[PDB]
Structures are given as structure tokens and as C-alpha cells.
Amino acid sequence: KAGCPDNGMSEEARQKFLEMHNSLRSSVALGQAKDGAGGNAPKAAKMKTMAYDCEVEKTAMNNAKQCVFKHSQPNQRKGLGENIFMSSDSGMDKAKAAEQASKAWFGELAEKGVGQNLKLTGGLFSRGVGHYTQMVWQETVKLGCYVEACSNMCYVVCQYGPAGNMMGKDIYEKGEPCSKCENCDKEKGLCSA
């Protein structure tokens, strides 16, 4: 989603990543996301809209180009969170990978469940829903990803700014959509950018 170097990442992929993150964040904000732990995820009071960020994409690229399925050292993406994903199909279209990745990360909520208490405890950390929680992390507003065609996998990395998943903190403030943001995108339930 725009103005980024021609570094091998497709603008269609950027577009899918941003669109999937926001639309998925919206659906959670609106109380329309199925929750594995029963019922749905609580509405969000001020779920922010994400923008694409090329600088963030760049550090995501640094992880992806290494073609090793591993979270980068927090050191190699200061201030930034990270989600990773692989498909066995190395040459699969990048935007298609973007889509599969986002679905698979978000899918943690319906598959593993989270609950009504959005505080990131040691407990909730254990359920292993950390890719979902980073996707809908309230204060995370910058998205940057890279999809690399490795020898033995199609390797997808997204990094997130500011980093989400701070232990002891809430994923998002609960409440009616738009209810705590200056300007709301009323149809989507996210604070406007």
C-alpha cells in the first residue's frame, strides 16, 4: 500500500496484506469474529486502522531473504512485532501467500480461542495465539511484510509497528466500536487514520 522500492515484493501483495489486516481488525472490533473460547471476541472501543510502511517492510525483508523459518531477533527489528508463515509451495503467487498467511494468523482466534479478558498473561501467551493478537493489537498501526520464494518454502514475514504483544498489556480496549476514538470509520468500527 504504496511508495515502496521495487525490491521483489509485489504491490498486490502489500495491498492484500493491508486490506486483510484492516478488514479482519474491523470484524473483531464489530463483535463479528468467532472466538474459540466460546462466543465472539469483545467489541473494541478504539481499534486503530493500519497503514502500510515501507521501512517496516524492509526489516521484514531482512528476515525473509535469509530463507530460514525463524523469528528474527527483537534486535533485528527494534520496536517492531513479527508474524511468520510458510507455504510448501515456493512459487505460489505472493498476494495469494499474503492471503493464506493472514488467514492462518487470524485463524488462531477461532481455532485456539482467546476469551473475554484481553490481558496478555503468561496464561494467554501459552495458548499460542500470538499471531492473532499481533494482528489486532490496538496500538499497532504500521504494517510491513515481505514474501520470499525460498528453496524449500514460500516464506512470509510481517513486522508490526509499534510492536504489539507486550506481556501484561491488553490486546485492545473493550467497548462499543468507535466509542473511544476521535474520528471513527463508522462502517468499519476502526479509528480513522
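We call the rigid core whatever largest set of C-alpha positions still superposes within 1.5 Å between the two forms. Position 1 is the first residue in the sequence shown; the rest follow in order.
Undergrad: Name the stretch that deviates more in 4 other deposited structures of this protein: 181-189, or 168-176? Use RMS CA distance to the shown form, core superposed.
TA: Of the two stretches, the larger average C-alpha offset in 4 other deposited structures of this protein falls on 181-189.
Undergrad: Is 123-131 or 153-161 the stretch whose C-alphas end up farther from this model in 4 other deposited structures of this protein after a rigid core fit?
TA: Relative to the shown form, the greater RMS C-alpha distance in 4 other deposited structures of this protein belongs to 123-131.
Undergrad: When the C-alpha temperature factors are averaged for each of 26-34 and 154-162, which stretch ends up with the higher value in the entry?
TA: The stretch with the larger average C-alpha B-factor is 26-34.
Undergrad: Quick one: say whether 120-128 or 44-52 has the higher mean Cα B-factor in the deposited entry.
TA: The recorded data point to 120-128.
Undergrad: In terms of the CA temperature factor given in the entry, to which third of its chain does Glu99 belong: lowest, middle or highest?
TA: It falls in the middle third of the chain.
Undergrad: Comparing against every modelled residue in the chain, figure out the third that the C-alpha B-factor of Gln76 lands in (lowest, middle or highest).
TA: According to the entry, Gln76 has a C-alpha B-factor in the chain's middle third.
Undergrad: Going by the CA temperature factor in the PDB record, which third of the chain does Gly115 belong to: lowest, middle or highest?
TA: Its C-alpha B-factor belongs to the middle third of this chain's values.
Undergrad: Sort the modelled residues of this chain by their C-alpha B factor and say whether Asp89 lands in the lowest, middle or highest third.
TA: CA B-factor rank for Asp89: highest third.
Undergrad: State the tercile, meaning the lowest, middle or highest third, of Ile171 with respect to the CA B-factors recorded for its chain.
TA: Ranked within chain, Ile171 CA B lands in the lowest tercile.
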